[PDB]
Structures are given as C-alpha cells and as structure tokens.
Amino acid sequence: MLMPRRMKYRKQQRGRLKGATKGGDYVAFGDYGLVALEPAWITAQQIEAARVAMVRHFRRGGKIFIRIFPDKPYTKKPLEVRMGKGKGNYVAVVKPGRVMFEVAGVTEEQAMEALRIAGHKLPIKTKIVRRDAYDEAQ
Amino acid sequence: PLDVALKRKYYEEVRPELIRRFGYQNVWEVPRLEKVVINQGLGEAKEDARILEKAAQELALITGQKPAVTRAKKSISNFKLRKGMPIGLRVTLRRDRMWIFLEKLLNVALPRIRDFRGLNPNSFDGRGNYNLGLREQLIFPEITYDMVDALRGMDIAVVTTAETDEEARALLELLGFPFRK
Amino acid sequence: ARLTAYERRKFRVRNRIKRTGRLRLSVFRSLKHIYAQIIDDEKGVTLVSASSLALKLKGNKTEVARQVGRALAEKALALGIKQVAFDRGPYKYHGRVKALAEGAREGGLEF
Amino acid sequence: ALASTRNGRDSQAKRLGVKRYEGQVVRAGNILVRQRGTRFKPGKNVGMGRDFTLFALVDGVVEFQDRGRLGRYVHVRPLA
Amino acid sequence: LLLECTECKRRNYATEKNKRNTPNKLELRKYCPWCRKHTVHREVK
Amino acid sequence: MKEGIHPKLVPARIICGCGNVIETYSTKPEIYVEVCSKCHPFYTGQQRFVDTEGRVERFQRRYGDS
RNA sequence: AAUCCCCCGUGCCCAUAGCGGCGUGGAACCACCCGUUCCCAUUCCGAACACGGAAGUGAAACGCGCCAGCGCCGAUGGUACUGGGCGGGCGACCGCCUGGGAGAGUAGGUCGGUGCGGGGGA
RNA sequence: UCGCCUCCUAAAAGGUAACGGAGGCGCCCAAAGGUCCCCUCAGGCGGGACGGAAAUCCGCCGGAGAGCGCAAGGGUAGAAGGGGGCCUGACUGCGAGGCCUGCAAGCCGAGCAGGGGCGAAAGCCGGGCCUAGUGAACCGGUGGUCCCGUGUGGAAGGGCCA
RNA sequence: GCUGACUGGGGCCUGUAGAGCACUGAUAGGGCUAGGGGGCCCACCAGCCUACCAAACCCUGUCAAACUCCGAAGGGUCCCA
RNA sequence: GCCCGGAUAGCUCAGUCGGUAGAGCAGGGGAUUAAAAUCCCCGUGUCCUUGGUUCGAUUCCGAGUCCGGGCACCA
RNA sequence: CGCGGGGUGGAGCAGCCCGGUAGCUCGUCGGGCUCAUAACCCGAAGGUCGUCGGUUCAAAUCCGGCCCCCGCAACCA
RNA sequence: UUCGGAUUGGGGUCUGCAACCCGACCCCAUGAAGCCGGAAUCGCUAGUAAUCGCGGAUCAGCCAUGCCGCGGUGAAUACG
Ligand SMILES: [Mg+2]
Ligand SMILES: [Mg+2]
Ligand SMILES: [Mg+2]
Ligand SMILES: [Mg+2]
Ligand SMILES: [Mg+2]
Ligand SMILES: [Mg+2]
Ligand SMILES: [Mg+2]
Ligand SMILES: [Mg+2]
Ligand SMILES: [Mg+2]
Ligand SMILES: [Mg+2]
Ligand SMILES: [Mg+2]
Ligand SMILES: [Mg+2]
Ligand SMILES: [Mg+2]
Ligand SMILES: [Mg+2]
Ligand SMILES: [Mg+2]
Ligand SMILES: [Mg+2]
Ligand SMILES: [Mg+2]
Ligand SMILES: [Mg+2]
Ligand SMILES: [Mg+2]
Ligand SMILES: [Mg+2]
Ligand SMILES: [Mg+2]
Ligand SMILES: [Mg+2]
Ligand SMILES: [Mg+2]
Ligand SMILES: [Mg+2]
Ligand SMILES: [Mg+2]
Ligand SMILES: [Mg+2]
Ligand SMILES: [Mg+2]
Ligand SMILES: [Mg+2]
Ligand SMILES: [Mg+2]
Ligand SMILES: [Mg+2]
Ligand SMILES: [Mg+2]
Ligand SMILES: [Mg+2]
Ligand SMILES: [Mg+2]
Ligand SMILES: [Mg+2]
Ligand SMILES: [Mg+2]
Ligand SMILES: [Mg+2]
Ligand SMILES: [Mg+2]
Ligand SMILES: [Mg+2]
Ligand SMILES: [Mg+2]
Ligand SMILES: [Mg+2]
Ligand SMILES: [Mg+2]
Ligand SMILES: [Mg+2]
Ligand SMILES: [Mg+2]
Ligand SMILES: [Mg+2]
Ligand SMILES: [Mg+2]
Ligand SMILES: [Mg+2]
Ligand SMILES: [Mg+2]
Ligand SMILES: [Mg+2]
Ligand SMILES: [Mg+2]
Ligand SMILES: [Mg+2]
Ligand SMILES: [Mg+2]
Ligand SMILES: [Mg+2]
Ligand SMILES: [Mg+2]
Ligand SMILES: [Mg+2]
Ligand SMILES: [Mg+2]
Ligand SMILES: [Mg+2]
Ligand SMILES: [Mg+2]
Ligand SMILES: [Mg+2]
Ligand SMILES: [Mg+2]
Ligand SMILES: [Mg+2]
Ligand SMILES: [Mg+2]
Ligand SMILES: [Mg+2]
C-alpha cells in the first residue's frame, strides 16, 4: 500500500508542520518534477492515487520516482471519548518546496499533463518544474 | 637436548636454499619456524570429565608436555554444552621440543597413516601458516595400540614467520613435508 | 591489535600511583641498563635522576640496581625529599626493580 | 494488556546534575556533581562516592577541565 | 533467609543475609565484636 | 618447564623397515615403528609398486587378436 | 655550563598527532637477540613475566622523515533557527525590525606540536 | 489504575500534567564480596579430523558495536569486563561538610579512634558499575545488658541494645 | 541593614530550535554480489542464466518524541560592579 | 507456632514382643483351547533422612524433610 | 470497543501453569483369522504446535502485535 | 567366528549364428542379512517324520532350490 515493515514504535506524536522542506527539493532523478507549495500530511492512499493516475496516463510506459514515503503512523479513536490513544489506522510529512513524484523518459507534453493530473489528487497546491544547472551535479 | 637432527637440517641446508631461492638482505627475513600448537577438540568427553585425562595422558606422551584444557567460550544448545565444560586439550610446543616432535611426525607418524598420498597443499592459510588434522592417535610411536580406549584425532597449527604462503610452502617442503603437489 | 598489554599495565599502575599525589619515583629498565627518575606532576617536572648509564657501573644487573637506588636516595635526600611513591612502571616488583627500590631506602623511603 | 491503558508509569526525577560551577567557593564535603555514569571524573582534591558522586576534598574553588578523550574533570583549587 | 550469628560468649552478635541453599553449612566467618576484639563468629538460631 | 607433572623425554633409538632413526630424543626410549613411507617404501622415494591404471589399459589388449 | 642536533625516559595539548605506501637509523641509547644455572615464571609453552648475558640484527618493534588515496581538522560568504520588538493568515502557517547566529557544504589545512630530565654530540 | 526503577513527553539548569507513548522491580551473589597480581572484547576473512551458521585450535584485521546477574539509561577495556592467591571492611565506636527536600524520609560523604585484610609500598577496604529489590508508628516475640524494681531483699513486669 | 528584582562584564553548566545520518531504526532509485526463489542439465559432487528473493558493500536520494557525528538564540549559577 | 498422623520396590501400600523382610494389580518368563481371569517362577525396595543404642536393626534416643486434619496466632 | 478462555498429527482431546521430553482414544497404512466383510489380534506411518515478532543456551511452554474461535458484558438514558 | 555364503570387483571356461538386456560353470578378491523368527500357521502314526545322497524326463546350454523317482541311515508319540 505504502508503509514501513518493522517499526521501532507503533505510535508517535503529531508534531508541527513548521518550516521549508529541508531537503528533497532539488529534482535528482528525472526530467520533470512535482513540488509542494504547502505543508501537509500526505497519505499513503493519496500517494498511490497519484502514482496510478500517472501510469494510467501513459501507456504503462515512462518511468516514475515518487520520493516521499509514509513512515509516520496516523492514529484515530472510534466514536468513543478519551481513554488512552490509538488506534491503527500512515502519512508522509511534506513541507513547501519538496519534490515528490518526479517522472522521466517521456515527452514534456506527456509528463506535464500527467503531473497536472497527479496533483489534483493531492491535498495541497503544487508546482510543475523541469531541471537545471540549479539542480547542480553531485 | 639442544642437538635434534631436524633443527640442524634446517640450519645447514634449509636456510641457504631459502636465501638462494627467494634471496634475502637480512638473516632475520629468512623464515624461521615458531610454535607448533596441537589441539584436540573433544565433545566426546563432555558429560564425562574422566575420559579426558586419558587423552591428556596420551598427548603428553607424544608431545613431552602436558596439555592444558580448553573450556567452552559460550553456551550452545544443539550439542549439549553448558558454557562451563571442558571441550578439549591444547598444548603449545616451541623451541627444541617443537623440533623433536616434528621430526617424529615426518619420519614416523604420517608414514603410518592408512592411505596417505600426501599432505594437502591448500591448507596454507594465506598469510603463510599451515594446518592439518589427523583422524586417529595411534599413528604415533609412543602409542602402544593397547592403550587406545577410543580414537581421537587432532588439529595441528604450524606457525611461521614467513610473510607468504609460497615461502612458507618452500620452508616446509625443504624440511621434508610430504605434499600431494 | 591496538594499545598493547605492555602499554595497558603501563597506564594501569601509573594512574593508581598518580592519584595519591606524592612525588613519583619512576623506574625504566632496559635489557642493558636501569634508570630511575623522581617526578612531580602538575608541574610536569623531574627533580632527581640516577642511572646505571651516568654512574657507569656493571656486572650482576640486580646488584648494579641496588646501587643506583642508593645513588638516588643520597642525591635526593639532599634536597629534602623523603616520602615518595614507587612507580614500578610496567615491571613486576621483583629482582632488578625490587633491588633498586630496597636500595632506595637508606634515604627517602617506605619501599 | 493493549488498550485500556498498559502505560501510565514513570519514576521520580532524580535531580541530577552539576551542583557547583567554576569558581564557586566550596568547603570540604560539598558535593560538586551528581551523576549517573563517570560523566565527569574526579580531579584534584575531589572524591568520588559509590554512586559516582563527586565532592570537594578540601575547601577551595572549583575549576572545570576538558581533557579531550580523557573526559571532563572537576578539581578543587585550595587557598582553602 | 534472615541470618543471625553469635560468637562464643556474651550472646549479642551482628546480622546478615543468605536466602539460600548454599552456603548451607555452619556458615561461620571472622568479625569484630562489641565484646573485646576480632573473634570467630558462628551463625545460630 | 614447570617441574613435576611430565614425561621424561630422554634420548632414544627407534626402528622400521629401514635402519634406525638416531634422532629420537623422545619419551619412552627404544620404540619399534611398523613401517614408514619415507625410508622410501610405500609412496615417498616413489616406488609406485603394485601400480594401478590397468583397467582402461586391459580391455583393448587381449581384445582384437582372439 | 646556555644554544642547536640525535637518542632515552617522562609529562602536556587530545587525531592538524591517525591508517596506508615509501624511505631511513645500530657507534651510542633502545629492541629484537644468546641462554634457563640461579631469583622468578606458564590453568600447557622462558610466548609472556623473570633472571644471568653480549656473539649477531635493525628483519620485527621503536625513532626520524617524506607522500593528501582514506581518516582527522576546516574558513569566508549565504542560509536555517532565535533573545527582544512588530505585522499578516479561516487555518496549516507566513513575513518585517533590531540584536545573536549554526549544521551540511565549498575554499583550504594536516603525515604533529611541546615541557621537564637525562645520555651523546654542539 | 494505585508504591518503586528506566526512557520519552520536558520547551539544551532543576522541576513540570493527562484514563499521553514504551518497558521493568517486590529479587539475586559466601562469590556475583575486599585486595594484590595478570589478562582484553564482539564481529569479519583465511586455515584446521570427527565439528555443522555456530564447541575447540592458528593466523591476520576489528576502539569498542561485547561484557558488566535481570529493565532501560548513563557509564565503562588507561576497566566497571575475564582468571588467579591470599582473605571477610557484607567491621565496631562516631561523623566535618553537603545533595535533596513542606514534614518525615531518602542519599553522598572525607576525616579520627579500636581491632583487622590484602599489598614491597603508595594505599585501598564501613558489600556488589550505578540508578528499582521496599513499609512510619503502635502492639508483641526472641537474644543480651549494665538500668528501674511500689516499706526492705529478691521475684513479677518493664527500659535499653540487637 | 545594601545585600533586592532588573542590568554590564567575566567564567562554568546544558543537548532543545535548526540540522545531520556517524549509532538505533525506517527508507526511494541504481550497481555489485553471499544464500536460494529452482528454468532445470542433474537426478555424481556438478551447474549455469536470472526485468523474482538478498544480506552486507558502493552510488545517487530521504525520515525519526523514546536516533545524534553536530548544535545556535536563550536559560541556570557564582564572582565583580 | 503447635501437637499428632501419613510417608516402602514401579504404584498402592499391609506389617515394631527389635535378632530375617513382606502381598495384590503391574513388568517380564512359562503353562492356559478363541483373545481375559486363574495357576507357577524372578525384581535392595538400601523400606522418610541423618548421628546415636547394644549381636542386629523398616521398626530404639537427639535434630528433622515432607504431608494432613483440627486447632492456634497474626503489630 | 470492554473483560475471560481457546487455536497441537485426518477427528476429538491432553501437554503450556513449572523452558529441554509432544502423549490418549479414534481414524489411516501393512500383515493375520474368515469362504468373504465387520468385529478381534500382531506391526507401522503421521503433528511443528494459528501466525509475525521478542526473551533465553534452549520456546508448544515465558512476553508483545496481528488473525480467527467460544463465552460473558453493554446499566441509570 | 574356519559359522553363513547374499552382494560386488577382476580373471577365465563351455554351449550356441549370438550370452548387453537374460545364460550355466571355475578361479582370485569381496564378504551382506542372519545368533531360531509377532499374530498366526503346515506336514507326519513306522521303515513313516526328520536327515543324507543318487538317477531320469524336458534339454544346445540353462537360471532345477522344481518335478517324477531310487535307495542309505532312521526317531518320537497316540490317555482319549
Ligand atoms: Mg540533503
Ligand atoms: Mg489527514
Ligand atoms: Mg461520556
Ligand atoms: Mg491540489
Ligand atoms: Mg590456501
Ligand atoms: Mg606467518
Ligand atoms: Mg525520569
Ligand atoms: Mg575527533
Ligand atoms: Mg648494536
Ligand atoms: Mg654494525
Ligand atoms: Mg626496521
Ligand atoms: Mg565543516
Ligand atoms: Mg558563518
Ligand atoms: Mg522573534
Ligand atoms: Mg560551519
Ligand atoms: Mg596525517
Ligand atoms: Mg616529548
Ligand atoms: Mg642534553
Ligand atoms: Mg536518550
Ligand atoms: Mg529537563
Ligand atoms: Mg527548560
Ligand atoms: Mg530544564
Ligand atoms: Mg507492570
Ligand atoms: Mg574472533
Ligand atoms: Mg573460520
Ligand atoms: Mg555497551
Ligand atoms: Mg543498560
Ligand atoms: Mg543492560
Ligand atoms: Mg547501558
Ligand atoms: Mg579475588
Ligand atoms: Mg592468614
Ligand atoms: Mg550532617
Ligand atoms: Mg530533611
Ligand atoms: Mg571512610
Ligand atoms: Mg585504625
Ligand atoms: Mg602488611
Ligand atoms: Mg493505633
Ligand atoms: Mg515494645
Ligand atoms: Mg537494685
Ligand atoms: Mg510490696
Ligand atoms: Mg520490693
Ligand atoms: Mg527481665
Ligand atoms: Mg548596593
Ligand atoms: Mg552568565
Ligand atoms: Mg527536528
Ligand atoms: Mg542512519
Ligand atoms: Mg530530536
Ligand atoms: Mg563543528
Ligand atoms: Mg552591588
Ligand atoms: Mg488383556
Ligand atoms: Mg487393516
Ligand atoms: Mg477383516
Ligand atoms: Mg501469540
Ligand atoms: Mg527463539
Ligand atoms: Mg440500577
Ligand atoms: Mg430502565
Ligand atoms: Mg439522545
Ligand atoms: Mg541378459
Ligand atoms: Mg553363536
Ligand atoms: Mg520360520
Ligand atoms: Mg539338462
Ligand atoms: Mg537332483
């Protein structure tokens, strides 16, 4: 689905969405990227919604990178009220300026119209990008 | 005794051959031979601690040293083995007593091994020491065959100052170690 | 293999001595000679020295040692030094090192 | 168990740490540092009790010493 | 198993712990008394 | 060597299919060895007695005369 | 005697002293080395520790150099964050002032420095 | 669920809540204690009869990832870890001065005296690497001792120390 | 009866924000490779191919209250004003 | 804390005028015309432990180990 | 959701408590007796212990997660 | 095991057009299971049962330990 195997701890505190993406952010694997303009918990099921929209969009062809991963467990109570925490029930924290997704090996006009679909499945505003000198060398 | 025929054979005619072959700026650089360590691993006597001191009596007789006993490092389930117990005898012999033992080994023991088309030459350990092991203990002259209750073999470690296998081979060859080539 | 047995026991006995905080009567002994040097730490400083080298004596290395002890006491006591602690370094207290130390009383002491 | 709550414990805080800082005047006996491992070793005129606890041996002032991979050190300087 | 050990005289003692089936013996060791100085001290009662 | 607990290890003589090995210096002097290989029977000082490989050799030999 | 240089101790800074490669040293120090009588040793072994030595060797170890492949150290500039003072946004969060200011990274650095004492040359 | 220990929450002193997130204790050891002396891990690669992923042995590499009786943390081979010899300081009489703290408790503690242990000594030694392994007081039991002893001598019963 | 909050200077203590991936874990893409998933040639040790399994290892790229090679601003405390 | 009763080869156990050890279902062997029962033979069981009593001790004195019932007590 | 019990050869049930050893009935397989089948007799085979993790030298056994099973409960409203 | 000779290695002999599949026999080597057989079950009343050898038919040869016969020695036990 997308999810770790093996966790150290089952549940973990919410924390803030403060700041800028802190890495990720420079477009390392592909010809075109999708970058986050807003912070959000992006869900294993939103990610896979986007991934499939793109493969469906081209031919089973192309190449797709993803590059954000849902390692943060997301609890919810049932309709109860208050005794303990839990349960269940996975997100990836995503700050502004991060490259998620990022396709390659496809025509610009394909990638861009697929990346546009892809971001319609996301809770945040997004930006399509290309690739650069600015994405350096390393 | 400081004489010991093999010791000699090493000094007169093994050393020079080695200097002639590899060629050596220094007297020390030419391989010496230190430490034959003999070691019997015996799970055989584990719950019986009596059987052991017979094996150490046997090892003494052929070595001329009483071995000390090795005891189990960690505890392992699958074959018995509390982390206490004696696993086997191990004797270090050097310096003369070493020699007088290797002589006997070359000229009597291995000859007495059933089959024996020769010592395996892949047992060199890559930094230039050599190891081998024997199935039965009665291939030695000091063992009378009526003093065997049960067969136990051992592991022999020939340690050498030779930095490499090649040189180490040469040393031992020249000393009369029969090799399967 | 890092940091040998020699250098462990080396440190081991120094450290213990160095806590009590006396002057240190340190002993180096080579296969040829035996030297002894009385140090005050926290100044990092040597005060009295004695060697089988600078005394140029020989024969029976132990007996040579008893002497370089008396040699140290005598020179040392001359500056007021009486109490110190025997470093013994990485050496068993025995033989040559024992001998220098039991030759280092008659003079400043407790060894 | 799992749900109701299996958690809920914690122990009392141990009020651990440094109790005298550099150049504070102390007296023989004052404990200087309260600590778990050997996190500061005893220095000049400084004792260590069986709970790893460091005290002044003498009246004086406390100096701190960072000896690199020899760890950190607390001494008391007399003029006691 | 709480431990109680007299010496020989004056029956006052000093107090110990061995909860256990060894040492199981007379359980005796040298101690200082309030009595005179440093006698033999055997376990009891 | 710790004095006690020990085999004597005194000079010896010793025997074989060969003559004596003067070397000895062993426990328990005057030992008789069954046979050695070195002394050159049985392998070294290669005798190659009794020698094998005859069984590919044979099938071709008495064969086509008959 | 100061000064310098080499060695031997022994401190200190605590890897800019490290690893690896290479080279070099035996007169003197030092080591390995000769032996196991004696003191003393090995859960077996004079390996180690110990003694009595002095024929040989700087092979090992140690010391001294030189190499930046690794390791270690590492700016300046710019950001992040932030004491204090103000704004903006439904929110998540964001910006301005003034003061403090990393981490990663880039440029580089580095094959140590040094105190006391001896021994020897100066 | 209720006392105790470890971690996080806890906002780089201490402290800090919730039917917040996770685990442990109610023991254990006459050696798992004191001292003197010695020794140094785990792992990996290579070699070695029965021996296998692992028993024991030999080589090189391996600054600690192992070990430290048990949870976790901190610590730790320049030992707190592993082996051995002597031993019982897992002493008695006290205790300068502090940590902590509403009280009462808890905790560390140099130093002096009596008599000892190990060590050539310097010295260390008032249990255990440390932080849980525990329970005011009142009632009473048992051992000792000097103290009290209802006219007096005893006894009854108390006190005091354990 | 000048010691106070506050403030200036100086020392020491700390492990948060930020960041990092050296530890503990998680983790995307690729490479190289143990064991095998056995296509099988075996059905003798063999035994090669892997657009599947894969440790470690290299390269790119990330995440963490109970991770830290690092680490501010501030905060505490003592001295002198 | 108590007193007492129970502890036996493989199981149940039955057995103290003290000098020797025992029986049924088991186990095995052997017979029994179909497969039970019923017949005939052999098992340290060191009879609940240690020191002590005399020739002798399952069985006698000092401590105990374990088990029950009915009592006790419990700051 | 909540508390309590369970999951082991084909079937039903022990063993888990107290770490090392998996047993009982039935079924199944091979022989026998019978003209034959059943009954009956003599032999045998067969479980990794729901599952994933952890503790230990060692886990059916001790601990945690998840998955099914059975039972209890769900009141003043 | 000087018991017992199954298996296997090598070497040959004879018949036969031909002995790989599938022959019998000789020699060297190899020497397996087997220490009187669970439940069960067969034969035999006298020259029988046991035990020992011999011939023949078929047939080139032969897997014959089979079958049909021949004699040597030679028991036990039947209350009922
Ligand atoms: Mg980055
Ligand atoms: Mg959401
Ligand atoms: Mg409600
Ligand atoms: Mg959108
Ligand atoms: Mg090799
Ligand atoms: Mg070598
Ligand atoms: Mg806490
Ligand atoms: Mg560093
Ligand atoms: Mg020289
Ligand atoms: Mg020379
Ligand atoms: Mg050299
Ligand atoms: Mg940097
Ligand atoms: Mg800067
Ligand atoms: Mg601000
Ligand atoms: Mg920087
Ligand atoms: Mg360097
Ligand atoms: Mg220096
Ligand atoms: Mg000089
Ligand atoms: Mg932490
Ligand atoms: Mg805090
Ligand atoms: Mg704070
Ligand atoms: Mg704080
Ligand atoms: Mg609990
Ligand atoms: Mg290893
Ligand atoms: Mg190996
Ligand atoms: Mg550790
Ligand atoms: Mg821990
Ligand atoms: Mg631990
Ligand atoms: Mg820890
Ligand atoms: Mg000890
Ligand atoms: Mg004594
Ligand atoms: Mg006080
Ligand atoms: Mg108080
Ligand atoms: Mg004290
Ligand atoms: Mg005293
Ligand atoms: Mg003494
Ligand atoms: Mg009351
Ligand atoms: Mg009372
Ligand atoms: Mg009176
Ligand atoms: Mg009266
Ligand atoms: Mg009266
Ligand atoms: Mg009274
Ligand atoms: Mg004022
Ligand atoms: Mg300040
Ligand atoms: Mg953060
Ligand atoms: Mg990491
Ligand atoms: Mg953090
Ligand atoms: Mg830095
Ligand atoms: Mg003022
Ligand atoms: Mg029956
Ligand atoms: Mg059937
Ligand atoms: Mg039937
Ligand atoms: Mg489970
Ligand atoms: Mg397991
Ligand atoms: Mg009601
Ligand atoms: Mg109602
Ligand atoms: Mg309603
Ligand atoms: Mg055929
Ligand atoms: Mg027989
Ligand atoms: Mg039969
Ligand atoms: Mg015929
Ligand atoms: Mg016939």
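Residues numbered from 1 in each chain as written, not as in the entry; some residues may be left out. Chains lettered and ligands numbered in written order. Part of a larger assembly, values for the part shown. Heavy atoms only, no water. Residues with missing side-chain atoms left out of burial classes, pairs and counts.

For chain F, the PDB entry supplies the name 50S ribosomal protein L31 and the organism Thermus thermophilus. Looking at the header, the entry is titled "Complex of 70S ribosome with tRNA-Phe and mRNA with C-A mismatch in the second position in the A-site and with antibiotic paromomycin". Within the UniProt record for chain F, the comment given under Subunit is "Part of the 50S ribosomal subunit." In the Sequence similarities part of its UniProt record, chain F is described as follows: "Belongs to the bacterial ribosomal protein bL31 family. Type A subfamily." (UniProt positions renumbered as here; feature names shortened; annotations may be inferred.)

Per the PDB entry, chain D goes by 50S ribosomal protein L27 and derives from Thermus thermophilus. Among the UniProt annotations of chain D, the heading Function holds the following wording: "Found on the solvent side of the large subunit."

> Before we go on, may I ask you to explain the interface of chain F and chain B in this structure?
In many reports, interface size means the accessible area that the parts give up when they come together. At the junction of the two partners, chain F supplies 23 residues and chain B supplies 30 residues. Taken together, the two surfaces of chain F and chain B that pack against each other cover about 2,100 Å², and 65% of this comes from carbon and sulfur. Of all residues in chain F, the largest losses of buried area upon contact with chain B belong to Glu23(F), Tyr25(F) and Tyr43(F), amounting jointly to 27% of the total for that side. With its nearest N and O atoms 2.7 Å apart, the salt bridge here joins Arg112(B) to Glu34(F). Summed over the shared surface of chain F and chain B, the result is eight residue pairs in polar contact. Class assignment of the residues belonging to the side of chain F that touches chain B gives a composition of 13 nonpolar, six polar and four charged. (Contact = heavy atoms within 4.5 Å. Buried area = accessible area lost by both parts, 1.4 Å probe. Salt bridge = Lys/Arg side-chain N within 4 Å of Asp/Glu carboxyl O. Polar contact = N/O pair within 3.5 Å; in protein donor to acceptor, adjacent residues only side chain to side chain. Nonpolar A, V, L, I, M, F, W, Y, C, P; charged D, E, K, R; others polar.)

> Can you walk me through the sheet that holds strand β5 (residues 46-49) of chain D in this structure?
Strand pairs in the sheet, formed through backbone hydrogen bonds, run parallel or antiparallel to each other. Spatially, four strands are ordered β1-β3-β6-β5 (chain D) in an open sheet, and the strand pairing comes out antiparallel. A single partner strand is all that each edge strand has here, and the edge strands are β1 (17-18) and β5 of chain D. (Pairing = 2+ DSSP bridges. Helix = DSSP H or I, 4+ residues; strand = E, 2+ residues; numbered from the N terminus.)

> I'm lost on the pattern of salt bridges in this one. Help?
Any two side chains of opposite charge can pair, on the condition that their charged atoms come close. Tallied over the entire structure, the rule returns 31 salt bridges over all chains. For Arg51(A), the salt bridge goes to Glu48(A), with nearest N and O atoms at 3.1 Å. Remark: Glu48(A) and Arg51(A) occur in helix α1 (residues 44-57); sequence separation between them is three residues, near one turn of the helix. What makes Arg51(A) partly exposed here is its relative accessible area of 26%. Of the charged contacts, one joins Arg114(B) and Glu136(B) as a salt bridge, the two residues approaching to 4.0 Å between their closest N and O atoms. (Buried < 20%, exposed > 50% of the residue type's maximum accessible area, 1.4 Å probe, protein only.)

> Whenever I open this one, the environment of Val76(D) confuses me. Can you help?
All names here are of chain D. In this structure, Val 76 sits in strand β8 (residues 72-77). Overall, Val 76 belongs to the buried group, its relative accessible area being 2%. Sequence spacing of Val 76 and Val 62 is 14 residues, and the spatial spacing of their C-alpha atoms is 4.6 Å.

> How should I be thinking about the sheet that holds strand β2 (residues 34-40) of chain C in this particular structure?
All names here are of chain C. Sheet architecture is open: four strands sit in the order β3-β2-β1-β4, paired in mixed fashion. Lying at the two open borders of the sheet, with one neighbouring strand each, are β3 (45-51) and β4 (85-86). Inspection of the sheet shows strand β1 (residues 24-29) paired to β2 by six bridges, in the antiparallel sense. Following the sheet pairing, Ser 26 is matched in β2 by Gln 37. Sitting on the sheet, helix α1 (residues 5-20) is in contact with β1 and β4, with an inclination near 160° to β1. Across the sheet, helix α4 (residues 95-102) lies against β1, β2 and β4, angled at about 145° from β1, the strand it touches most. (Axes fitted to C-alpha atoms, helices over the stretch in contact; angles between N-to-C directions.)

> I keep staring at the interface of chain A and chain D and nothing clicks. Help me out?
With four residues of chain A at the interface, the matching set in chain D holds four residues. Looking at the side of chain A that touches chain D residue by residue, the class counts come to one nonpolar, one polar and two charged.

> Just to check I follow, could you spell out the nonpolar core for this structure?
Nonpolar side chains tend toward joint burial in soluble globular proteins. All names here are of chain B. Within the largest apolar cluster, 53 residues are counted, with the highest numbers of intra-cluster contacts made by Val 36, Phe 140 and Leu 172. Breaking this core down by element, the ones donating at least two residues are α1 (5-21), β1 (33-41), α2 (50-63), β3 (86-93), α3 (97-109), β4 (130-134), β5 (154-160) and α4 (165-174). The element contributing the most residues to this core is α3, with eight residues. Dropping the residues within four chain positions of it, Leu 172 is found in contact with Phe 124, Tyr 130, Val 158, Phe 177 and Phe 179. (Core = buried A, V, L, I, M, F, W, Y, C linked by side-chain atoms within 4.5 Å.)

> Honestly, the packing of aromatic side chains in this entry has me stumped. Any pointers?
Residues and elements named next belong to chain A. Under the defined criterion, the tally for this structure stands at 15 aromatic pairs over all chains. Between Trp 41 and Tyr 74, the aromatic rings sit 6.0 Å apart at their centres with planes inclined by 85°, giving edge-to-face as the arrangement. Of this pair, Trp 41 sits in strand β2 (residues 40-43) while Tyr 74 sits in the loop between β3 (63-64) and β4 (91-94), placing them 33 residues apart in sequence. In this structure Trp 41 comes out as partly exposed when scored by relative accessible area, which is 23%. Since its relative accessible area comes to 36%, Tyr 74 is described here as partly exposed. (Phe/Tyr/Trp six-rings, centres within 6.5 Å; stacked < 30°, edge-to-face > 60°.)

> Please explain α1(B) as it appears in this structure.
An α-helix turns once per 3.6 residues; consequently, residues spaced three or four apart project the same way. All names here are of chain B. Taking 1.5 Å per residue, 17 residues should reach 24 Å; α1 reaches 23 Å between its end C-alpha atoms and fits that length. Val 14 marks the point of greatest bend in α1, at about 40°, and the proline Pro 16 comes within the next four residues. Three or more residues of α1 are buried, namely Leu 6, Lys 7, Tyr 10, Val 14, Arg 15, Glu 17 and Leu 18. On its buried face, α1 sits against α3 and α4. Downstream of α1 by one or two residues, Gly 23 has phi in the positive range, about 80°. (Expected span 1.5 Å × (residues − 1). Bend = angle between axes of the 7 residues up to and from the residue.)

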